[PDB]
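Undergrad: Need a 3D model of the following:
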Amino acid sequence: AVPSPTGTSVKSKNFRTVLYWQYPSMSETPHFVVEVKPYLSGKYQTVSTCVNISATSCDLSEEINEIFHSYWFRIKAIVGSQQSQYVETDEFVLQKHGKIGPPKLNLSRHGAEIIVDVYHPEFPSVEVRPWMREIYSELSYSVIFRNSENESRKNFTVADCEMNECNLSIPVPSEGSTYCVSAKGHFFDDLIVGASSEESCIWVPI
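TA: Numbering: from 1, shown residues only. This is the structure:
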């Protein structure tokens, strides 16, 4: 009869979470309805922004406000008078399945001290997602300091940064060489670890 959606997939990066699926070719234009099951109720409820949509994707970022609890989602296809049944996604848990991309890293220097500005432009404002404040209070960045020639390596951590924009002043050992730096985001120490940024390098005179 009228088939259900297929190839369902939940992708979450930088707290943008989107559900995708695929659907066969239809003379009439298929429409979909997506439901979410939060952990508190353990009951499926309608995702308001994804009712009778023609798109094969749905933004879930607003339906998700628990990082440690599980969510399930399902989709059904509507074609003319008929409907399919719901197809259900794998269990979703932000802390487990959510990715954190590379931070924006800006490298500069005041004399012999290297300055590192790092953050994620993509992160939702707390004013817009208030439940998020609790998560940001556990944000920190790990910084890897690399001397391309003499070879040395060092590790730094920074946290409790205003508006999630972290800064760090690093005195260079010594001191007529090039240093390169990279960074990663961390939530709750190592519960959530992000991807490394590519290296930014900088020269330092004597």
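Undergrad: looking at this, residue 131 is in a helix?
TA: Yes - the assignment for residue 131 by DSSP: H, G, I helix; E, B strand; the rest coil puts it in a helix.
Undergrad: show me the contacts for it.
TA: By C-beta atoms under 8 Å, 6 or more residues apart in numbering, residue 131 lies in contact with residue 65. To be clear about C-beta, it is placed using only N, CA and C from the backbone, and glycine gets the same treatment.
Undergrad: Could you break the protein into its assigned domains?
TA: Per curated CATH domains, the structural domains of the chain span 1-98, 99-206.
Undergrad: Number of residues surrounding the nearest residue to residue 159 once chain neighbours are set aside?
TA: Excluding its sequence neighbours, the residue lying closest to residue 159 (C-beta to C-beta, 6 or more residues apart in numbering) is residue 140, at 3.7 Å. Per other C-beta atoms under 10 Å, the neighbour tally for residue 140 reads 16.
Undergrad: List every C-alpha atom in the helix or strand hosting residue 140, with coordinates, as PDB.
TA: Residue 140 is part of strand 139-147, with elements assigned from DSSP states H and E. As requested, the backbone C-alpha atoms of strand 139-147 are provided in PDB (Å, rounded to 0.1, in the frame of the first residue of the first chain):
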ATOM      1  CA  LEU A 139      32.300  23.900  28.900                       C
ATOM      2  CA  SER A 140      36.100  23.900  28.600                       C
ATOM      3  CA  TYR A 141      38.700  23.800  25.900                       C
ATOM      4  CA  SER A 142      41.900  21.800  25.700                       C
ATOM      5  CA  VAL A 143      44.800  23.500  23.900                       C
ATOM      6  CA  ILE A 144      47.700  21.700  22.300                       C
ATOM      7  CA  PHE A 145      50.900  23.800  22.000                       C
ATOM      8  CA  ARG A 146      53.400  22.600  19.400                       C
ATOM      9  CA  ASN A 147      56.800  23.800  18.500                       C
END
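Undergrad: and residue 96, that's in a helix?
TA: Yes - assessed by three-state DSSP, residue 96 belongs to a helix.
Undergrad: Could you report the neighbour count for it?
TA: By other C-beta under 10 Å, 12 other residues sit near residue 96.
Undergrad: picking up where we left off before, the strand holding residue 140 pairs with which strands, parallel or anti?
TA: strand 153-159 (antiparallel), strand 177-187 (antiparallel) (DSSP bridges).
Undergrad: What are the buried residues along that strand?
TA: Using 16 or more other C-beta atoms under 10 Å as the test for burial, strand 139-147 gives 139, 140, 141, 142, 143, 144, 145, 147.
Undergrad: close enough to count as contact, the residue nearest to residue 159 and residue 186?
TA: Yes - the pair residue 140 and residue 186 passes the contact test of C-beta atoms under 8 Å, sitting 4.8 Å apart.
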